[PDB]
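Presented below is the structure to which this report refers.
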Amino acid sequence: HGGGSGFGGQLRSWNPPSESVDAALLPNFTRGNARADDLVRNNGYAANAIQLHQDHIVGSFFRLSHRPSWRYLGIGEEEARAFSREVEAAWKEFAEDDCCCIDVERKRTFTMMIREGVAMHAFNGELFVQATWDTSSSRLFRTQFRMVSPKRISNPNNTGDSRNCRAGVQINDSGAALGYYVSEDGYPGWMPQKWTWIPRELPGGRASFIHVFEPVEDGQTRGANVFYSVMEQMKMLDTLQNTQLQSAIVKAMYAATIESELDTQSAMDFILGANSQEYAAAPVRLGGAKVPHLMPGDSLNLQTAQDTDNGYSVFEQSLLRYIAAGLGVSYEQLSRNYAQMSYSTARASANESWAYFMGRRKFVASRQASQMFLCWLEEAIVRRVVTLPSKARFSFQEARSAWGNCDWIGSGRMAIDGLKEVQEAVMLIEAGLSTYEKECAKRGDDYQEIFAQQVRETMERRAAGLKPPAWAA
Amino acid sequence: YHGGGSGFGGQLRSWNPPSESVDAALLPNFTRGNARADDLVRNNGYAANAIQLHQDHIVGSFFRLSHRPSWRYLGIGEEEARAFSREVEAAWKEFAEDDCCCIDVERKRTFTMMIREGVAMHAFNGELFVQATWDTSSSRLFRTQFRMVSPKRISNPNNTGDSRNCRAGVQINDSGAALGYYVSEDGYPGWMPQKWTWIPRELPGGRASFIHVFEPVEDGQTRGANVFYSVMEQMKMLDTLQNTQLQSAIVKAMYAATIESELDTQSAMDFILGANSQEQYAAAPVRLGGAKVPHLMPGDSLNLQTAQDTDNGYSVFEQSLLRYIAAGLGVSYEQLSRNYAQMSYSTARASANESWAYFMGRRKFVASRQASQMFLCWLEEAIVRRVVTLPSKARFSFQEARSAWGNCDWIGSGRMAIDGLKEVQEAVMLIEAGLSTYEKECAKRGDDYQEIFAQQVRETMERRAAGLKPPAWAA
Amino acid sequence: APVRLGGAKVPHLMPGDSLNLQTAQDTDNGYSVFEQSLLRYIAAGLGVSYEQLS
Amino acid sequence: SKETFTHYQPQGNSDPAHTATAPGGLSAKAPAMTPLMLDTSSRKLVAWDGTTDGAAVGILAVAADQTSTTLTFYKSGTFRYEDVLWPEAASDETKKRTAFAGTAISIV
Amino acid sequence: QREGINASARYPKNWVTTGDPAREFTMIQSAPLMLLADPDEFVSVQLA
Amino acid sequence: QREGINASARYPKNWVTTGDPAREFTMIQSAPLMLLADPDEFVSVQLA
Amino acid sequence: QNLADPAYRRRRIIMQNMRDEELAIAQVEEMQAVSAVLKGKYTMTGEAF
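Residue numbers (the entry's author numbering), protein chains in the order written: chain H, 25 to 302, 318 to 512; chain A, 24 to 303, 318 to 512; chain C, 321 to 374; chain U, 3 to 110; chain R, 294 to 341; chain S, 294 to 341; chain V, 99 to 147.
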């Protein structure tokens with residue numbers, strides 16, 4: 025009964041329409057992204073939020089672990105591991121290429137690709153990456169990735185939206201998109217605006233284009249940025265801080281008031297020192328106390344002004360907490376505020392933030408990375424740089440998901456103090472509940488090369504003849 | 024009694040609620056309620072926070088299946104049962120989490136994404152609808168497909184009233200069990216006549232064509248209520264209050280000072296504030326320098342307003358209102374409002390415990406059921422396609438032993454730790470005392486005991502081959 | 321006249337007529353402390369300790 | 003009981019319209035879309051009689067009366083023939099069509 | 294013609310009019326030349 | 294009005310009057326106003 | 099009893115206008131077609147042209 029009319033009317037007028045999220049979003053789709061870009065470019069809080077998002081979802085490094093389903097494919101485990109290590113070696117020598125050749129723009133690496141994609145998905149709702157086959161023979165690989173901002177993809181010539189051609193997205197009857205109408209660069213704003221249509225999928229089974237976002241309900245075609253519930257309060261708070269700073273400025277500026285029937289020049293000379301004997320009225324030499332002798336009929340009223348911060352700190356606390364709730368990030372890391380909080384409280388905050396970040400990582404960055412990894416893998420296979428197992432029951436096209444099964448590791452949870460978590464991990468290993476690859480992943484490493492490096496280290500220590508390390512016999 | 028009669032000295036003499044069913048208490052304004060909840064969650068930061076917490080704790084990040092068929096009931100050998108369970112688990116692993124997004128007809132989500140979306144829309148609408156489509160394109164190995172349906176899509180055809188079996192687009196039997204649905208085609212842009220299609224709840228062959236899950240509160244309920252429906256107006260009024268108070272702070276800070284000068288405005292501004300000096318209305322922009330004490334004559338006075346403390350109890354009032362809102366939403370106020378001050382470890386533990394208990398209850402009562410239905414449909418397709426080997430000496434066939442074959446549960450993201458050392462001591466003591474098992478331990482850790490054992494043995498073999506060190510499980 | 325409890329219902333009182341809201345007085349003007357003292361006296365007289373008596 | 007929802011479209015062409023303010027000397031209540039000429043004697047703004055040829059100088063934008071010291075009128079654009087009121091003294095349809103020749107005001 | 298869509302079955306355009314009267318105009322552009330090479334194949338008779 | 298169900302087809306009600314001649318009365322209220330969208334869709338002719 | 103904002107009213111107007119224009123151009127195409135295969139002498143004429 026609450027949703028009917030409310031107590032004493034109140035919401036006698038609040039009857040928002042009931043329609044699909046696409047119907048409620050697409051007409052103002054451009055405006056929302058425009059305002060989001062404005063905030064992210066000219067707002068400190070937004071820049072902090074996006075930087076924290078990228079640095080926690082991905083961080084400095086983002087590595088691969090290729091775990092094909094050998095059991096399903098009927099392949100020997102040793103052959104599966106050999107293929108996995110060979111493809112990992114090729115992938116690692118390809119991804120960290122200094123020329124940024126993975127990008128046609130040739131200015132960003134793979135981790136930069138992932139971070140930029142997740143950031144633009146954050147402040148736009150979605151990410152677009154296309155794969156291209158160049159004719160350049162300088163490299164063993166001809167597939168490169170190119171980013172597309174959501175602005176570049178829209179209805180060609182701003183044509184009216186239809187049942188299937190929505191915002192430049194051509195969708196079949198069922199509800200799965202198949203074509204995009206991207207637009208070329210908008211700068212400078214005098215060349216003719218051109219459009220190019222691209223199918224999401226090449227006829228041969230290779231993902232020519234990928235568009236990643238998480239929907240909220242059926243029929244959704246475009247993502248919604250995280251600012252859609254916060255942006256108005258964000259800009260209002262910016263205006264508040266601006267006007268409060270102006271008010272503090274003027275209140276501090278105006279301090280004293282002179283009252284006298286005398287001509288202003290002589291009044292300044294006889295009261296505020298002045299130097300008229302030698318525009319901007321007259322400069323005042325800042326010197327000693329200079330007690331004046333104002334005549335009856337004069338006033339030297341010193342304005343006590345007013346306190347600069349009358350509750351603005353508490354207001355920023357409350358509004359930043361609301362913004363943190365809207366953004367899904369903890370207020371502490373959001374506002375660089377960590378006062379009056381205990382160790383347990385800080386750990387709880389970091390825990391929930393890390394859980395949200397791990398979910399977001401898996402559902403955005405992991406999916407994008409897997410898609411681009413299989414896109415590179417198909418080219419590698421067709422290029423024959425790696426040889427498929429002979430006992431392969433199913434073809435690569437059939438077992439594309441099975442062949443390309445892999446997971447990803449980003450920056451680990453650098454916890455509050457280190458010692459307690461590392462000793463609890465060690466005792467987990469002692470008790471046999473966790474496992475080496477699990478904990479080394481949670482730390483950001485891979486047990487395979489960890490073991491290889493430890494073998495190398497102990498071989499070096501044996502050669503130098505100093506001491507066997509903590510791994511021998 | 025006496026309390027419920029009229030009221031203390033009358034008081035609630037005019038409070039006469041119309042005792043009747045929740046069905047007629049919700050259906051008359053059900054569409055408006057759903058629209059209000061959707062708008063509120065779309066445009067409110069706190070509501071988005073609440074649904075995100077639902078999406079990240081009720082389901083969490085992952086989901087691992089554990090198929091425990093009732094081999095006792097089926098009279099089948101345990102080794103055969105577990106071999107079949109391993110086979111079906113491998114098939115499900117290679118099917119559900121493929122990178123294609125082939126299962127969804129929209130081809131943009133995964134299994135975990137579908138579960139998260141379903142639980143979210145069930146939270147903010149009260150119901151969840153999924154459809155199983157056996158598309159004829161046999162290029163993919165599994166020809167089934169899924170597509171969740173928002174409660175807005177399902178509605179009475181031609182927007183009519185409600186009959187004794189047809190209610191809000193749901194056609195039920197005499198006993199109230201749902202028989203079918205009237206799905207309305209998406210009408211974007213909102214001009215075309217949204218056609219209505221009849222979809223049976225189940226196929227004649229026993230296949231669950233349409234799976235609908237909600238939480239009825241009394242007999243005969245067919246459309247659940249969104250959890251927001253408790254405090255929607257309260258949180259809307261909170262939003263209005265915070266916006267109004269922000270505007271009030273804006274105006275309070277806007278006009279810092281006033282001037283009492285009687286002569287012309289331009290001359291007064293020049294002689295009391297300065298500015299002027301234009302090149303060769319918009320009033321007069323004032324350069325910001327230093328001090329610039331003015332001079333005044335009688336009848337002129339520069340009075341700078343002291344304004345007013347912006348936060349006279351507003352923050353604490355908001356804290357109390359968020360207490361109420363979090364109580365309505367069933368989520369901890371601390372987690373929702375992100376204010377963790379003055380909180381001791383023990384009380385934080387207690388609040389987290391109750392919140393997580395609620396979260397796991399909701400998980401088991403929504404996500405587990407939805408995933409079980411989807412897995413049952415997929416298993417039906419798998420068995421009819423003989424992609425897996427049913428036990429040879431099965432007492433009952435799949436069609437009548439669906440529950441017996443479909444005995445399975447799911448493990449999502451576990452209760453993330455609060456101290457680390459404390460719960461690892463918990464686990465160590467439980468395992469060394471025998472009061473718990475590796476299955477429960479790895480489940481609460483978000484792991485699988487079989488996979489853990491396989492990983493441990495393979496790592497032991499690798500370390501033995503490398504001659505590095507035997508792990509803490511040998512011989 | 322019974323009066324419905326609704327929203328703000330701000331009035332438009334004419335000149336001459338006025339509405340006043342009594343600020344009242346604190347319900348406990350040291351009454352709790354006076355109770356403390358008197359119950360202490362009573363407990364001492366009875367021999368029973370004050371904390372359990374009160 | 004049968005009402006009609008007319009598509010109120012006073013405009014008649016894609017050409018832009020423009021408005022100018024001039025002193026008001028109208029002798030009667032003149033509704034909007036009223037053609038009006040400049041007074042021969044006092045150079046005042048008076049409603050177009052419909053008899054003088056081409057004397058009309060603009061189209062009334064907002065209805066006013068005698069007390070209106072100034073008024074806003076269209077200086078450019080094209081308007082439909084039917085939806086602009088004509089003075090009764092104007093009879094010939096061709097004259098009505100060609101009344102605003104040589105100006106930025108046209109009719110269709 | 295700016296973006297090379299000269300030979301098109303349809304061309305829709307929509308522009309807003311500046312100035313004091315605010316408005317935008319909808320327009321679709323086409324140039325049909327429906328023809329038939331062999332008219333003798335068809336025989337048209339007006340009955341009575 | 295007090296039951297809040299004022300929108301449906303046929304409303305039944307049986308009630309007893311008080312007093313010695315206490316008698317029951319049965320009632321089926323309705324406000325039926327059926328209609329057609331297009332009158333000109335259906336064509337009527339008076340045969341002769 | 100259930101109204102909509104002027105923005106959505108304008109959206110409705112623009113949609114009906116687009117469909118009307120498409121119907122008109124299809125209509126004129128069919129008129130040309132029937133002239134063509136009805137006489138073989140088809141006169142494309144009109145005011146301001």
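For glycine and all other residues, C-beta sits at the position ideal for the given N, C-alpha and C.
Q. How big is the Cα-Cα spacing for residue 52 of chain A and residue 102 of chain V?
A. When rounded, the distance between both Cα atoms is 18 Å.
Q.
So, does the stretch 81-97 of chain H touch the stretch 209-217 of chain H, judging by three or more C-beta pairs under 8 Å?
A. With the cut-off at 8 Å, the stretch 81-97 of chain H and the stretch 209-217 of chain H do not touch.
Q) Can you tell which of A/141, A/104, A/123 has the C-alpha that lies nearest to the C-alpha of residue 403 of chain A? A) With distances taken between Cα atoms, residue 403 of chain A lies closest to A/141.
Q. In this structure, does DSSP put residue 123 of chain H in helix, strand or coil?
A. Residue state, collapsed to three classes: coil.
Q) Taking all protein chains shown into account, do 16 or more other C-beta atoms lie within 10 angstroms of the C-beta of residue 512 of chain H, making it buried, or fewer, making it exposed? A) exposed
Q. Using a Cβ-Cβ cut-off of 6 Å (strictly less than) and excluding sequence neighbours within five positions of residue 407 of chain A, which residues of its own chain qualify?
A. 141, 236
**Q.** Reference residue 320 of chain S; option with closest CA among S/340, S/338, S/295, S/308
**A.** S/308
Q.
I need the boundaries of the beta strand (DSSP E) containing residue 187 of chain H, first residue and last residue.
A. Segment: none, residue 187 of chain H is in no beta strand (DSSP E) and carries neither H nor E.
Q.
I'd like to know whether the C-beta of residue 319 of chain R is nearer than 8 Å to at least one C-beta of chain U.
A. no
(Q) Give me, in chain order, the residues of the same chain whose beta-carbon lies closer than 6 Å to that of residue 59 of chain U; leave out the 5 immediate sequence neighbours on both sides. (A) When the five nearest sequence neighbours on each side are left out, the beta carbons in the same chain lying within less than 6 Å of the beta carbon of residue 59 of chain U are those of 39, 40, in order along the chain.
Q) Quick one: what does DSSP say residue 449 of chain H is sitting in, helix, strand or coil? A) coil
(Q) Please return the same chain residues whose Cβ sits closer than 8 Å to the Cβ of residue 503 of chain H, not counting the five positions on each side in sequence. (A) none
Q: Starting from the beta carbon of residue 325 of chain R, find every residue of chain H whose beta carbon is closer than 7 Å, and list them in chain order.
A: Think of a sphere of 7 Å around the beta carbon of residue 325 of chain R: no beta carbon from chain H falls inside it, the nearest being about 20 Å out.
Q. For residue 138 of chain V and chain R, any beta-carbon pair shorter than 8 Å?
A. yes
Q) To the nearest angstrom, how far is it from the Cα of residue 331 of chain H to the Cα of residue 285 of chain A? A) 28 Å
**Q.** First and last residue of the uninterrupted alpha helix (DSSP H) at residue 79 of chain U
**A.** No alpha helix (DSSP H) contains residue 79 of chain U, which is instead part of the beta strand (DSSP E) from 72-81.
Q. Which runs of the alpha helix (DSSP H), 4 residues or longer, sit entirely within the stretch 469-503 of chain H?
A. 475-481, 486-503
Q | Continuous alpha helix (DSSP H) stretch holding residue 141 of chain H: start and end | A | 134-148
Q: Please decide whether residue 109 of chain V counts as near chain H, where near means a Cβ-Cβ distance under 8 Å.
A: Yes, contact with chain H.
Q) Considering only residues of the stretch 358-411 of chain H, which uninterrupted beta strand (DSSP E) runs meet the minimum length of 3 residues and lie entirely inside it, listed in chain order? A) DSSP runs (the beta strand (DSSP E)) wholly in the stretch 358-411 of chain H: none.
Q | residue 125 of chain V at chain R interface by Cβ criterion, 8 Å | A | no
Q: Enumerate in chain order the residues of its own chain whose CB-to-CB distance from residue 360 of chain A is below 8 Å, with the five nearest sequence positions on each side excluded.
A: 370
Q) Contact between the stretch 77-84 of chain U and the stretch 20-40 of chain U: three or more CB pairs below 8 Å? A) Output reads yes: the stretch 20-40 of chain U touches the stretch 77-84 of chain U.
**Q.** Limits of the unbroken beta strand (DSSP E) element including residue 281 of chain A
**A.** 280-282
**Q.** Cβ-based burial, residue 240 of chain H [other Cβ within 10 Å; buried from 16]
**A.** buried
Q) Taking buried to mean at least 16 other C-beta atoms within 10 Å of its own C-beta, is residue 29 of chain U buried or exposed? A) exposed
Q) How should residue 423 of chain H be labelled, buried or exposed, when 16 other C-beta atoms within 10 angstroms of its C-beta is the threshold for buried? A) exposed
Q) Are three or more beta carbon pairs between the stretch 482-492 of chain A and the stretch 480-490 of chain H nearer than 8 Å? A) No, because fewer than three Cβ pairs between the stretch 482-492 of chain A and the stretch 480-490 of chain H fall closer than 8 Å, the two stretches do not touch.
**Q.** Sub-8 Å separation of residue 167 of chain H and residue 415 of chain H beta-carbons
**A.** One thing to note: residue 167 of chain H has its Cβ within 8 Å of the Cβ of residue 415 of chain H.
Q. What did DSSP end up calling residue 340 of chain A once you bin it into helix, strand or coil?
A. Here residue 340 of chain A sits in strand by DSSP.
**Q.** residue 235 of chain A: first and last residue of the uninterrupted beta strand (DSSP E) it sits in
**A.** Counting along the chain, the beta strand (DSSP E) containing residue 235 of chain A begins and ends at 233-237.
Q. What are the start and end residues of the beta strand (DSSP E) that includes residue 207 of chain H?
A. 201-207
Q) Taking the C-alpha atoms as reference points, what is the distance between residue 307 of chain A and residue 261 of chain A? A) Coordinates for residue 307 of chain A are absent; the numbering of chain A skips from 303 straight to 318.
Q: Tell me residue 344 of chain R's beta-bridge partners as DSSP assigns them.
A: Past the edges of chain R, shown from 294 to 341, lies residue 344 of chain R, and the structure says nothing about it.
Q) What number of angstroms, rounded off, separates the C-alpha of residue 122 of chain V from the C-alpha of residue 326 of chain R? A) Each residue's Cα considered, the two are about 16 Å apart.
Q: Kindly say whether residue 184 of chain A, judged by its beta-carbon, lies nearer than 8 Å to any beta-carbon of chain S.
A: yes
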